[PDB]
Each structure stands twice: as structure tokens, then as C-alpha cells.
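As C-alpha cells, the structure follows; a few thoughts come after it.
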Amino acid sequence: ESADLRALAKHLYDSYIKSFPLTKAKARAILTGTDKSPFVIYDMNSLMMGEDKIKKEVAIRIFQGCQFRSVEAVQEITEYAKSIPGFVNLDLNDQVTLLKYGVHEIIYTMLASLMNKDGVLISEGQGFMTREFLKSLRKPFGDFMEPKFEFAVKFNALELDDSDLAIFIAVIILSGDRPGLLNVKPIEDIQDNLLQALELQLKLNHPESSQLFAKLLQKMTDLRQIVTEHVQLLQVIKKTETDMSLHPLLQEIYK
Ligand SMILES: CCCCC/C=C/C/C=C\C/C=C\C/C=C\CCCC(=O)O
């Protein structure tokens, strides 16, 4: 019955709002247009005054900032996952496995909410780092964000809102096809119900948007592609920068 799917969609949106302090709705209000104006970093000097206004060479300081943020995001995504009905009843090992593989796919999904074609919000939306400035960073740091911007521009053309994204990131987490899953079936049973919830949500929220459900699911391919490209870039850094710390929580995820 659709009444149960709407209850599920409302539950997850409620938990999404409780778990993720910077929503897409707030991100868009900041990015578009007096109290919410970000400071804008587009070079080293603006970065210099930015570190003052908002708050080791430039590329590395930016890189570890990303690390700290990703860790914070993992923590938010973990909190959100525990609210997905059934998730915490799964085998403990499968819970770790689902988070291990799902966490970066969600990060890039939600990172798009903070992006437009020209740059990305930072520091809880207080700042805005331009795409060009990041693309101009020393090799191989200048290659990190561009694939993410490329995805975001197309993903954002779907015009999903937070209530759509709450169900969609839940679908990503409950993927029965992650390597090493000990009991696939209860995961798939949760995802099927999440998939039913998503389907009804997009049909009601986007009545004119034909086959949005199918297009959103095909986007899960771009997400996988971004991860593997990102993993390769990290292995270059581990050898180029033997003095540079990578956070152990992220180390364990990438293992
Ligand atoms: C919205 C809250 C404020 C965030 C402040 C952002 C600081 C860094 C700026 C841009 C990048 C944003 C997120 C990190 C993305 C990928 C992390 C790569 C490290 C890894 O996982 O291997």
C-alpha cells in the first residue's frame, strides 16, 4: 500500500534533516541569492584572507581540509544509516561492509548539492571555493575535484530535492551486491521496499519528469566510476607525499 511507502519516505526525510546539517535547500539558497553570502576563494590571497574571514603548501592544506570534511561526512552518513529501518538489525559485519562501500558514493551524491558549474560551498556554506582555483592546484591535487564537478552538473540537472535524496541515499547503502556480504537476502528485501518508496516519491514529487526513477538509478554508474578514479589518485599521493597524513578512518574504508 502507498500509505506505508509515504510513511517510510517521511521517516527518512525527517532523519536526513536531523543527520545532515547542510541540506541541498540551504545550499541552493546560499548559492543563488543578504545574510547567507559566502566568502569566495579563487586564489592564494583570497585563500589567505579566507582562512582569516571564515575558519604546509596550499595544495596540501586544501587536501587535508577535504580529509577532515570527508571524515565528518562519514560520521553524518553513519548516523543516518542507523535510522534506515532494518539496517541496525542486520549482521554486524554486513553493516560495516555496507558503510565501507556506500559511504563515498553518498558523499559525491550529496557533494553535488553544494556544487554549481563554477565552484563548491565549504565550511558549512560560509565559503565558496571556485572550480578553477581547485583545477589549478599542483599535480596531482588539481585533478581531484573535476570529475566530481562533472558528475554534479549532470546529476543536479535532475533537480532532486532533499526529500528525494533521503530515499535515494538509503537505496545506495542497502546494496546487496557489495563484495563480502554475508547475508545478501535481508539487504535486498530492505532495498526493494526502499526502491518502492523512491519510485512513489519521484512520481508524486515530479509528476512531469518522465522516467526520473530510471535515470536516477542509472546515475549509480557514474558514482562507482568516480570512486575508482579517486582511489587511483590517492595511491599516487601516498607515494609522492610520504610525509602527508591520511586519516585512519578513511584508510580503513579504502582498504
Ligand atoms: C559542508 C560542510 C563544510 C565543508 C568544508 C570543505 C572543505 C574542503 C573543500 C572541498 C571538498 C569537500 C569534501 C571532500 C571531498 C572529497 C574528499 C577526498 C578525501 C577522501 O575521502 O579520500
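Each chain of the C-alpha cells is named A, B, ... in the order shown, its residues numbered from 1; ligands are numbered from 1 in display order.
Residues in contact with ligand 1 (atom pairs separated by at most 6 Å; only C-alpha atoms and all ligand atoms) are residues 22, 65, 66, 67, 69, 70, 122, 123, 124 and 125 of chain A.
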Could those selected residues go to a file with N, CA, C and O atoms, as an mmCIF file, in the first residue's frame?
data_model
loop_
_atom_site.group_PDB
_atom_site.id
_atom_site.type_symbol
_atom_site.label_atom_id
_atom_site.label_comp_id
_atom_site.auth_asym_id
_atom_site.auth_seq_id
_atom_site.Cartn_x
_atom_site.Cartn_y
_atom_site.Cartn_z
ATOM 1 N N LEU A 22 23.882 20.637 6.624
ATOM 2 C CA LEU A 22 23.799 21.481 5.426
ATOM 3 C C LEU A 22 22.991 20.728 4.375
ATOM 4 O O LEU A 22 23.505 19.809 3.730
ATOM 5 N N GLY A 65 42.130 19.549 4.576
ATOM 6 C CA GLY A 65 40.794 20.060 4.834
ATOM 7 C C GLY A 65 39.715 19.156 4.269
ATOM 8 O O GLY A 65 38.744 18.832 4.954
ATOM 9 N N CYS A 66 39.889 18.713 3.020
ATOM 10 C CA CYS A 66 38.978 17.739 2.427
ATOM 11 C C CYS A 66 38.899 16.473 3.263
ATOM 12 O O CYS A 66 37.808 15.924 3.466
ATOM 13 N N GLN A 67 40.052 15.986 3.739
ATOM 14 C CA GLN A 67 40.089 14.771 4.546
ATOM 15 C C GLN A 67 39.227 14.920 5.783
ATOM 16 O O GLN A 67 38.371 14.073 6.064
ATOM 17 N N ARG A 69 36.828 16.977 6.339
ATOM 18 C CA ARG A 69 35.421 17.097 5.978
ATOM 19 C C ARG A 69 34.826 15.734 5.636
ATOM 20 O O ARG A 69 33.743 15.385 6.119
ATOM 21 N N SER A 70 35.532 14.939 4.819
ATOM 22 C CA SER A 70 35.045 13.608 4.466
ATOM 23 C C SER A 70 34.796 12.771 5.704
ATOM 24 O O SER A 70 33.805 12.039 5.774
ATOM 25 N N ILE A 122 31.872 25.470 1.042
ATOM 26 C CA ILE A 122 32.795 24.910 2.020
ATOM 27 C C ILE A 122 32.506 25.540 3.368
ATOM 28 O O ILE A 122 31.831 26.570 3.469
ATOM 29 N N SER A 123 33.021 24.896 4.411
ATOM 30 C CA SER A 123 32.930 25.399 5.777
ATOM 31 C C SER A 123 31.477 25.678 6.166
ATOM 32 O O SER A 123 31.106 26.787 6.564
ATOM 33 N N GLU A 124 30.645 24.650 6.022
ATOM 34 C CA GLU A 124 29.222 24.730 6.335
ATOM 35 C C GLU A 124 28.513 25.812 5.531
ATOM 36 O O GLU A 124 27.509 26.368 5.983
ATOM 37 N N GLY A 125 29.003 26.101 4.328
ATOM 38 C CA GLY A 125 28.402 27.111 3.489
ATOM 39 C C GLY A 125 28.899 28.522 3.735
ATOM 40 O O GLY A 125 28.450 29.443 3.044
#
Notebook entry, point to check: Counting only C-alpha atoms, what is within 7 Å of residue A:197, bar same-chain residues fewer than 4 positions away, as a ChimeraX atom specification?
Noted result: /A:5-6,8-9,193,201
Selected residues written out, N, CA, C and O atoms, as a PDB file, in the first residue's frame:
ATOM      1  N   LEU A   5       4.431   3.375   2.073  1.00  0.00           N
ATOM      2  CA  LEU A   5       5.596   3.951   1.413  1.00  0.00           C
ATOM      3  C   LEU A   5       5.736   5.441   1.717  1.00  0.00           C
ATOM      4  O   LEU A   5       6.860   5.927   1.865  1.00  0.00           O
ATOM      5  N   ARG A   6       4.622   6.177   1.834  1.00  0.00           N
ATOM      6  CA  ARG A   6       4.710   7.593   2.176  1.00  0.00           C
ATOM      7  C   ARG A   6       5.178   7.787   3.608  1.00  0.00           C
ATOM      8  O   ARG A   6       5.942   8.712   3.896  1.00  0.00           O
ATOM      9  N   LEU A   8       7.225   5.752   5.087  1.00  0.00           N
ATOM     10  CA  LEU A   8       8.656   5.473   5.001  1.00  0.00           C
ATOM     11  C   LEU A   8       9.423   6.683   4.458  1.00  0.00           C
ATOM     12  O   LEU A   8      10.462   7.072   5.009  1.00  0.00           O
ATOM     13  N   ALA A   9       8.920   7.293   3.377  1.00  0.00           N
ATOM     14  CA  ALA A   9       9.589   8.453   2.789  1.00  0.00           C
ATOM     15  C   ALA A   9       9.673   9.606   3.789  1.00  0.00           C
ATOM     16  O   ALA A   9      10.708  10.272   3.900  1.00  0.00           O
ATOM     17  N   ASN A 193      11.957  -2.485  -0.746  1.00  0.00           N
ATOM     18  CA  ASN A 193      10.987  -1.592  -0.131  1.00  0.00           C
ATOM     19  C   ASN A 193      11.433  -0.135  -0.247  1.00  0.00           C
ATOM     20  O   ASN A 193      10.614   0.758  -0.505  1.00  0.00           O
ATOM     21  N   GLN A 201       7.853   8.252  -4.485  1.00  0.00           N
ATOM     22  CA  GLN A 201       8.260   9.619  -4.175  1.00  0.00           C
ATOM     23  C   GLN A 201       8.514  10.434  -5.438  1.00  0.00           C
ATOM     24  O   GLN A 201       8.058  11.578  -5.549  1.00  0.00           O
TER      25      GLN A 201
END
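Of the listed residues (A:127, A:102, A:147, A:85), A:102 comes nearest to residue A:169; the distances count only C-alpha atoms.
Contact shell of residue A:224 at 12 Å (only C-alpha atoms; same-chain neighbours under 5 positions omitted): residues 101, 102, 103, 104, 105, 106, 107, 108, 109, 147, 148, 151, 172, 178, 218, 219, 229, 230 and 231 of chain A.
Residue neighbourhood of residue A:245, excluding near-sequence residues (fewer than 2 positions): residues 64, 243 and 247 of chain A, at 8 Å, using only C-alpha atoms.
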With C-alpha atoms kept, could you save the residues just selected as an mmCIF file, in the first residue's frame?
data_model
loop_
_atom_site.group_PDB
_atom_site.id
_atom_site.type_symbol
_atom_site.label_atom_id
_atom_site.label_comp_id
_atom_site.auth_asym_id
_atom_site.auth_seq_id
_atom_site.Cartn_x
_atom_site.Cartn_y
_atom_site.Cartn_z
ATOM 1 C CA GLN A 64 43.775 17.734 4.473
ATOM 2 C CA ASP A 243 55.198 12.944 4.732
ATOM 3 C CA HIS A 247 43.141 9.865 8.227
#
Neighbour list for residue A:180 as a CSV table (one decimal) with N, CA, C and O atoms, in the first residue's frame, cut-off 9 Å, only C-alpha atoms, skip fewer than 2 positions in-chain:
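Final output, saved to selection.csv:
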chain,number,residue,atom,x,y,z
A,94,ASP,N,28.0,-7.2,8.0
A,94,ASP,CA,27.4,-6.6,6.8
A,94,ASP,C,27.1,-5.1,7.0
A,94,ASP,O,27.2,-4.4,6.0
A,97,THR,N,30.3,-3.5,6.1
A,97,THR,CA,30.5,-3.7,4.7
A,97,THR,C,29.7,-2.7,3.9
A,97,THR,O,30.2,-2.0,3.0
A,177,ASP,N,24.8,-6.0,-3.4
A,177,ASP,CA,25.9,-6.5,-4.3
A,177,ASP,C,27.3,-6.1,-3.9
A,177,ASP,O,28.2,-6.3,-4.6
A,178,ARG,N,27.4,-5.5,-2.7
A,178,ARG,CA,28.8,-5.2,-2.2
A,178,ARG,C,29.6,-6.4,-1.9
A,178,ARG,O,29.1,-7.5,-1.5
A,182,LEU,N,27.7,-11.1,3.9
A,182,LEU,CA,27.5,-12.4,4.4
A,182,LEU,C,26.0,-12.9,4.2
A,182,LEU,O,25.8,-14.1,4.0
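In this structure, atom CA of residue A:232 sits 22.7 Å away from atom CA of residue A:173.
Of the listed residues A:167, A:220, A:62, A:29, the one whose atoms come nearest to residue A:16 is A:167, with distances taken using only C-alpha atoms.
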Next item on the list: Mind listing the strand (DSSP E) residues of stretch 97-224 of chain A, per DSSP on the backbone, as a ChimeraX atom specification?
Entry: /A:115-116,119-122,127-130
